[PDB]
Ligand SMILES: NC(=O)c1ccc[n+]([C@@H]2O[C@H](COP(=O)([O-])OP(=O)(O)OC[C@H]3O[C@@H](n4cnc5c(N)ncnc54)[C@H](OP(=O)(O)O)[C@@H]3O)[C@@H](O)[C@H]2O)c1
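A single chain, nothing else alongside it, follows as C-alpha cells in the form solved without the named molecule.
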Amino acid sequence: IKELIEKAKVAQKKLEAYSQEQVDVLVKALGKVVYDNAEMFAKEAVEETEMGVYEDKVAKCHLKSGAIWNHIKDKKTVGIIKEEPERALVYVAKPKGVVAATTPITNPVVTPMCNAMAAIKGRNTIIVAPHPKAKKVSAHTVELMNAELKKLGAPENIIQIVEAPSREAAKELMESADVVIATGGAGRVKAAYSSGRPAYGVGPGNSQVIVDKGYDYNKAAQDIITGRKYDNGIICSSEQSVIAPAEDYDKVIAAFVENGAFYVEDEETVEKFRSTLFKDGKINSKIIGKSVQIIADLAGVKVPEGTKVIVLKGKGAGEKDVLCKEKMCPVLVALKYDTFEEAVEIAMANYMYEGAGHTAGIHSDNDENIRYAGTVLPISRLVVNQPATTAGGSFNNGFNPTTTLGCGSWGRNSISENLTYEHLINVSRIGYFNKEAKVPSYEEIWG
C-alpha cells in the first residue's frame, strides 16, 4: 500500500505538468477503450459477478463512456479556469493528489472508468480497490486503460489497482490518499468518512415512483419497467415502487401488464414472492440481479415467458411491508393513494424505511405537483417523465453523467449530486483589491 501511494504521488507530480489538452487526450482514450471493448467487459462482468444482463451491460459501457466524455470534453480543469471581474476574483483549478476509489460489484467496469476519467481530468492519480467478487473484470478494465495510457506517452502508474484488497489495506489506502471515493455498500462509505481524509460516497438506493392522476399511464409504465428491469435491477437509482392513484389503479396496472409486467394481487402468491426476496428482513442474496424466471422458480409461482417485471401489491407503506425496502431485482411494490399529498407521504415513509437522500421518480404533467414533491422529499434527484435509471445521466436530461451518485447528508455523503471531475479538484481564488468598492454604513447593513 505504501508502495502504491508513493508510485501514485510520483506520477501525480509528472501529470501536474500536463496542460489542459494533454490531460484531455488521456481522459478521452480512457472512455473510448471501454466503449470499444463493451462486449468483452460485459461478458466478463456477468460471469464473474453472477448478476445482471449482458445486453444491458453493453449498453451501459456504450452510454457511460460517451456521456461522461461528451460532458467534460470542454470543461476547464487546469490552471486559471474562470474570470469574475464583478467580484475581482480569478479562479484556479488545482489537483487534489492521489484518489483512493473503492468500486462496486454492480458496476465493475464503468465505475473504474468514471472515477479515473474524473480524476485524471483534474491532473490527479487514482488507486482502484475493486470489489472482491468483481476484482478480475475491474482489473481487466484498469489493464486496458493503462495500455492506452502507455501508447499516449502518459506518466507511468497514474492508474493502479490493489490485487490483494485486504480490509486493513483498504483502510490504509483511504487514510494515505488525499481524497477518497466510495461507491458501494454503506459499510464501505462509512469507512471512507472515517479515514481522516475528505471523502465522497453513496447512499442506499430506494427510488420511489409516483404516477400522477391524468398522466399517460402507458408511457409511465414503459419508463418504469425499462428502469426497473435494467441490468436485472441492480442500479441504485432503479424504480422500486409504483405509487398509483386509487381511482385509476386498475388502469395503471393494465398499462403495466400491457407492457410486459406480471401483476400479483392475491395475499398468498404475493407472500410466496415476499418470503423469497426477503428472508430475515434482509434481501435474499441468491435473487440479487437475477431474472424474472429465476425469482419465479424459487418462489414456486408460474410467471409467463417474456415477463419483464413483477409487480406485487403491498400491504402498506413504510414498515407495513418489507417489500417497500430496496429490491435489487426486477420486482416492484404497488401502493394506492387518494391525494397527491398522500402519495408524497407514502414515498416519504419508504425513504425513512430505507434509501433517503437518493433518487425519486415522478410521472406527471402537473408542474405544481412535481415542484411540491421535489421540495419536501428527502432526495438528491427527482427524475421527471423518464426512467429513473437516467438519474446517472442521459442525453435527454441535465444530470451530470456519472457512476457515483452522492446522496447528501441523508445518505451520509458530502455532496447531494452526481460525482464529477469538479469534486476531485481544489478551486483556488485570486482576490484582487477593489478600491472602487464602498463600505456600507450601519444603516445600509442593519437597516
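Just count from 1 along the sequence shown to find any residue number.
Although not depicted, the form deposited with the named molecule bound is the subject of the following passage.
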Query raised in the report: Considering the named molecule in the deposited bound form, which of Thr183, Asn232, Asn115, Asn350 comes within 4.5 Å of it through any heavy atom?
Result: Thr183
Report summary line: Students should find that, of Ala261, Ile126, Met145, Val202, the residue having a non-hydrogen atom no more than 4.5 angstroms from the named molecule in the deposited bound form is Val202
Query raised in the report: Should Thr141 be counted as a contact of the named molecule in the deposited bound form, where contact means heavy atoms within 4.5 Å?
Result: no
Query raised in the report: Do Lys213 and the named molecule come within 4.5 Å of each other in the deposited bound form, heavy atoms counted?
Result: no
Query raised in the report: Would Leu405 count as touching the named molecule in the deposited bound form under a 4.5 Å heavy atom rule?
Result: yes
Report task. Give a yes or no for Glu326: in the deposited bound form, does one of its heavy atoms lie within 4.5 Å of a heavy atom belonging to the named molecule? Result -> yes
Query raised in the report: Okay, which stretch from 397-405, 42-50, 55-63, 26-34 lines the named molecule in the deposited bound form, with non-hydrogen atoms inside 4.5 Å?
Result: 397-405
Query raised in the report: Has each of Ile225, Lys290 and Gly306 got a heavy atom lying within 4.5 angstroms of the named molecule in the deposited bound form?
Result: no
